[PDB]
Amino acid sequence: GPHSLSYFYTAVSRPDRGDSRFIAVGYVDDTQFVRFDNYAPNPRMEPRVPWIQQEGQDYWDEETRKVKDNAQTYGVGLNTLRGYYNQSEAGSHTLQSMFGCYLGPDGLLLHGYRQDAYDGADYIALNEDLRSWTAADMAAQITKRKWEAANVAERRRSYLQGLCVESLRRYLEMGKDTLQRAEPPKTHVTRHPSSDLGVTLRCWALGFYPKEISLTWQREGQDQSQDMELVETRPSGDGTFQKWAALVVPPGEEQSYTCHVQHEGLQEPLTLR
């Protein structure tokens, strides 16, 4: 699919007065590559993968400056939003932002997005056209109004169409070894004589990249997918992901059941039994 460059900002107000915790994380596709946290003294934007270390000092200095200024911005924003909702200064609140860009086939912006949320719920969002805003309530309409009068959508759109896509292409080039590779899942079926004369078959897919995958159990003689126990896709800890799907069959029907695995790292869908 199309490659992605995404940023996730979390600002958490504290009842202990004035500051707020600010955390920023940056992803290329499903690979985290930078982080920022204002909790530690002398805080810096820091690498989280080897390839981004190819960048020089000036890069890290500029990124650190920008995220620190953004942090102070979100600190002020928490108080502004608290005011809008007529909430007390007693409780802690959160302001989240996700933004980023997808690379099209011509090396240009395919889709760009920017979205802000207050205490877990949609606050304001930039529209597909990248020129207008969707406020989710009346408090956000004040923000929508301010932004509309200051042509904020223009700068957001010029960032997404310009700097974002070019740095995404740059990052795809710096880590082409690992970023442009699809890693297929290592699959296997384990058998557990567990239930009362019922056999649990569990189909495992391990170490696949990117996130998206399809795991189903099919029964010879029926077309739809069979009911199963399916856990959510989970990180392996090394940048890959894993998943499994299990079901219990009578203790004689082991090879009447097939696990089907669909992943973009596989040349063709996979069948295990």
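Heads up: residue numbers just count along the shown sequence, starting at 1.
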{"property": "Between the two ranges 123-131 and 192-200, the one averaging a larger CA B factor in the entry", "result": "192-200"}
{"property": "Given 79-87 and 173-181, the range whose Cα B-factors average higher in the PDB entry", "result": "173-181"}
{"property": "Criterion, highest CA B-factor; candidates, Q53, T64, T216, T31", "result": "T216"}
{"property": "Of the residues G26, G237, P41, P210, the one carrying the largest Cα B-factor as recorded", "result": "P41"}
{"property": "CA B-factor placement of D69, once the chain's modelled residues are sorted into thirds", "result": "middle"}
{"property": "Chain third (lowest, middle, highest) by recorded CA B-factor, residue given as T187", "result": "highest"}
{"property": "Entry-reported Cα temperature factor of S13, expressed as the chain third it lands in", "result": "lowest"}
{"property": "Third of the chain, ranked by Cα B-factor, where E232 sits", "result": "highest"}
{"property": "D58 CA temperature factor, ranked by third within the chain", "result": "middle"}
